[PDB]
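Protein chains: 2
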Amino acid sequence: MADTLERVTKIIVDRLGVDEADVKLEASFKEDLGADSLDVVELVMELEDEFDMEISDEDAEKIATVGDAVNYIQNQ
Amino acid sequence: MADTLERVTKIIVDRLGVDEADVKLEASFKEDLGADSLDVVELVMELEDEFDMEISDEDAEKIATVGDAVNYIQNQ
Ligand SMILES: [Pt+2]
Ligand SMILES: [Pt+2]
Ligand SMILES: [Pt+2]
Ligand SMILES: [Pt+2]
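Chains Y and B, in that order, give the protein sequences.
So that you can map any letter, position 12 of the first sequence is 12 in the UniProt record's numbering, and since no number is skipped, the others follow by simple counting.
So that you can map any letter, position 43 of the second sequence is 43 in the UniProt record's numbering, and since no number is skipped, the others follow by simple counting.
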């Protein structure tokens, strides 16, 4: 769904201050979008709450890229 | 962008007759969405035209999944 990706993208733009055009699926939060580790924890917390789901420690660590985040949401 | 994924998803639904809920990024056209090889060529042709872009033989062959298709679009 497009609504899911709009919601994910809105949050990344809110937190990381990047252009929407830079929020591609392959973009990694740290290497491409300027997030550091505190930011990334914060993003995941925020995504969890937006989609009313709990992500485990083990699964959250696999989330390097925008696409990784959407994949997890889409599998719940 | 959400508009890009809405456009990709509309086409897959049109051609393959699957529910929107089944059009996840990790879903492969052949193994998950019931497309055969003729369908896949047809999808790519259709996506090319929707986004006014030409995909090479070499790149189109790497497109197994919905996410693979969106990635290519997003990199052009
Ligand atoms: Pt969805
Ligand atoms: Pt991906
Ligand atoms: Pt886009
Ligand atoms: Pt992917």
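Just so it is clear, CB atoms sit at the ideal spot from N, CA and C, and this is done for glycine as well.
| Check | Outcome |
| --- | --- |
| Residues near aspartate 22 of chain B by beta carbon distance below 8 angstroms, same chain, minus five either side | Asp32 and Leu33 |
| Separation of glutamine 76 of chain Y from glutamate 58 of chain Y, as counted between CA atoms | 15 angstroms |
| Contacts that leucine 25 of chain B makes with chain Y (C-beta to C-beta distance below 8 angstroms) | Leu25, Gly67, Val70, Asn71 and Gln74 |
| Whole-number beta carbon distance between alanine 69 of chain B and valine 8 of chain B, since they are thought to touch under 8 angstroms | 6 angstroms |
| Assigned secondary structure, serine 56 of chain B (DSSP; H/G/I helix, E/B strand, else coil) | coil |
| Contacts of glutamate 6 of chain B in chain C (Cβ-Cβ under 7 angstroms) | The structure shown contains no chain C; the protein chains it does contain are Y and B. |
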